[PDB]
Amino acid sequence: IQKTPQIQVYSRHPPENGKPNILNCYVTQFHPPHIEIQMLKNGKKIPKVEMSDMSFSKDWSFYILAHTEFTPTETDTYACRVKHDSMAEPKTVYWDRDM
Amino acid sequence: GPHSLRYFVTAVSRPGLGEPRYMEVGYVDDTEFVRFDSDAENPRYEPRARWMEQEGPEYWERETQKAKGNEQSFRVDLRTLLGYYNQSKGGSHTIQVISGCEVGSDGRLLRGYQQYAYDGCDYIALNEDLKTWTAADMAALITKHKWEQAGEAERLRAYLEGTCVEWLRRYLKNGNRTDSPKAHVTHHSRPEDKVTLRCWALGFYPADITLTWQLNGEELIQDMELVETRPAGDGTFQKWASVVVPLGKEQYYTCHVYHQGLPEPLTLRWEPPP
Amino acid sequence: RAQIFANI
């Protein structure tokens, strides 16, 4: 029995162009626990992504928070990409700065 | 009000890649306060709440050796479950347990419990009576019969009524926080006689919160979009709720924010810059 | 303090 990860991508602070910030990829509701998470800037993998410890909830599903330091600008695109056994292919979720 | 001490345990096999990964994580009232993670040369219990530094080296040593023994038991269990379910030695599998006690403000036990799962499904649970077990399938019946023949329920009841309650009291003593949300409304375009109003709550703790939008004194439930509450990553949480409204009618809608840190709920509207 | 688990 597998559970598909749910993903949110969002900044720690309201984004202001030119101002250093943190970009979060929060991944929840998945099982089994093994998962591979990458963050992507303009289509290319970001090398320094930190991973919180993993935890699980009363319904047995796992959750984890990935993050990277970033300075948003008007035109740069960020995404989080998650590979997990519940899905045939990696899932990519793009950062929407209004969300 | 009531308090709880709970341990969430995970054991995950990885055949051909290494020994199972074992984690033991402790929570006082749902806030993590200790963790052991087997993935290390000389793995040890670590505090996860700063107030835990009050415990001396003997404490950390005892909890570390007990976690190591627990880890080794689950390594055996992972093998046992392959036999019970007639499964291959090649696949990864996961055992999880949640085990703990909830006490009332008077210090009495309200509920002790222990729930196992295998590969994400309920496996066996201790009943409220602290005397019997509920098995979820035929494999868990084997465990049930084994634990019934071994006086396991009495051993576990002694833990839940004794150790669990007593240490919970110690941790509460040693560990005894809200941060109110700050809220604001943003404005974004829609196919363009419509606009989106998004009500944000930021910087709050704990995570529990409620955001609503009202028009003409009633809450909008249809077509209100909400995100699941999410960590900012600094110990605080975020949430938003949004509604699509007619262009020019923004001032007819009100966002209401409800949180335990607030003297009274917040009421706010879109505030166009001067 | 976590309990000592029993083998399943």
Number of the exception - B:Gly91 against (1) under 28 Å from A:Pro33 (Cα atoms); (2) surrounded by 14 or more Cβ atoms within 10 Å (Cβ to Cβ) = (2)
ask   = For the range B:181-247, list the strands (runs of 3 or more DSSP E) that sit wholly inside it and hold at least 1 residues that are over 17 Å from B:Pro272 (Cα atoms) and either within 13 Å of chain A (Cβ to nearest Cβ) or among the acidic types (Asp, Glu) (or both); which are they?
value = B:182-190, B:194-204, B:237-246
query = If you scan the range B:24-50, which residues turn out to be more than 12 Å from every other protein chain (Cβ to nearest Cβ) and exposed (fewer than 14 other Cβ atoms within 10 Å of the Cβ)?
reply = B:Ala40, B:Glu41, B:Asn42, B:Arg50
key: Positions within the range B:1-14 being surrounded by 14 or more Cβ atoms within 10 Å (Cβ to Cβ) and part of a loop (DSSP other than H, G, I, E, B), in sequence order   = B:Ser13
message = Cβ-Cβ distance below 7 Å, separation of 6 or more or different chains: which pairs start in the range B:247-264 with a residue that is within 15 Å of B:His188 (Cβ to Cβ) and end on one that is in a loop (DSSP other than H, G, I, E, B) and among the hydrophobic types (A, V, I, L, M, F, W, C)?
response = B:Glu250/B:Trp270
ask   = Only one of (1) within 20 Å of the chain's Cα centre (by Cα); (2) over 27 Å from B:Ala140 (Cβ atoms) fails for B:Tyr7. Which number is that?
value = (2)
query = Counting only residues that are more than 12 Å from chain C (Cβ to nearest Cβ) and under 27 Å from the mean Cα position of the chain (by Cα), how many does the range B:67-95 have?
reply = 3
ask   = Among the residues of the range B:248-264, how many are among the hydrophobic types (A, V, I, L, M, F, W, C) and part of a loop (DSSP other than H, G, I, E, B)?
value = 1
query = Which residues, taken from the range B:15-67, are among the small types (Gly, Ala, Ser) and in a helix (DSSP H, G or I)?
reply = B:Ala67
remark   = Among strands (runs of 3 or more DSSP E) entirely inside chain A, those with 1 or more residues being facing another protein chain (nearest Cβ under 9 Å) are A:6-11, A:21-30, A:62-70
query = Listed residues B:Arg21, B:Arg6; which is charged (D, E, K, R) and away from chain C (no Cβ under 11 Å)?
reply = B:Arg21
request  = Specify the residue that is farthest from A:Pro14 (Cα to Cα); the eligible residues are those in the range A:65-90 that are exposed (fewer than 13 other Cβ atoms within 10 Å of the Cβ) and charged (D, E, K, R).
outcome  = A:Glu89
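Computed from the coordinates by the stated procedures, all read-outs in this text should not be read as laboratory data. Heads up, the Cβs are rebuilt from the backbone with ideal geometry, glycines too, and the neighbour counts pull from every protein chain shown.
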